[PDB]
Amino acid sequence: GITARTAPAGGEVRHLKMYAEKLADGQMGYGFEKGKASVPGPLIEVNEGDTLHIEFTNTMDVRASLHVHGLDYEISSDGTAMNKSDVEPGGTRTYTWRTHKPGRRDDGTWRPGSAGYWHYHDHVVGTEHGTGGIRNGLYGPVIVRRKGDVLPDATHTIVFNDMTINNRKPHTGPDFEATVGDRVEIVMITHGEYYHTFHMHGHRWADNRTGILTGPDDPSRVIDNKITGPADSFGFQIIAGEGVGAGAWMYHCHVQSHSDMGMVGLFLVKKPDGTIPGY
């Protein structure tokens, strides 16, 4: 980053409301507002050092919770039945998530920071591991930025949940749109029973923390295909159409029967006039 926007230093205390609700079709979703729950749940993005107090309200008729990966939380914000941190029907509970910068410990070793592509989901609906909650749609992305991380034009969330993308019916996307040159960020999460392989036509990224190479010294494999299993999360940024131009670029699971059965979407990269060649 030299003219691209980059993340500032963190350290703010932030407050926020979340709700779990039952949707009309039988699914379950999180939202920042009652009546506006989505699957996947809304993106939460913070900077290393930020603290997040989430006033969580369960509007459903069964117990539910909020469990996060990667971020610092005390055992009281575990989101599990065992540690008494789930939420009764109609109830409200404040979960606290903290994040930290990396740095030297007293023993001379290097403490990793919280930065990365993470996620949150339910841990008590259906089973004490949230199997029913997760299947129904109680999951969502969390991004933690390091000071200096490159910021994108837009962020899209792709979740392989059992045999669905984002709980959608087979062969219904989702599709995403960009213009040639856009800096597009993808957050890729997997849930459920199955392993998958995420693949994008026409684009590639680094298999490291940020999905991008800092410079010529980073030996990370550059890839366009990645095996994932339940609760894996990673993310990356690509320049839409870079070196390849506009087009209807497929992304899909590359497990042959999964793509055949509907785990396919389109990354629609447009020319400025909005047209897509071959579409």
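Residues carry their position along the shown sequence, with the first being 1.
Taking only CA atoms, the mean B-factor in the PDB entry is higher for 106-114 than for the other of 106-114 and 152-160. Stretches 78-86 and 197-205 differ in mean CA B factor, with 78-86 having the higher one. Highest CA B-factor among 26, 29, 70, 245, as stated in the entry: 26. In the PDB entry, a CA B factor belonging to the lowest third of its chain's modelled residues is recorded for residue 231. For residue 127, the recorded CA temperature factor ranks within the lowest third of the chain's modelled residues.
The deposited CA B-factor of residue 224 belongs to the lowest third of values across its chain. Among all modelled residues in its chain, residue 18 ranks in the middle third by Cα B-factor. In the deposited entry, the Cα temperature factor of residue 254 places it in the lowest third of its chain's modelled residues.
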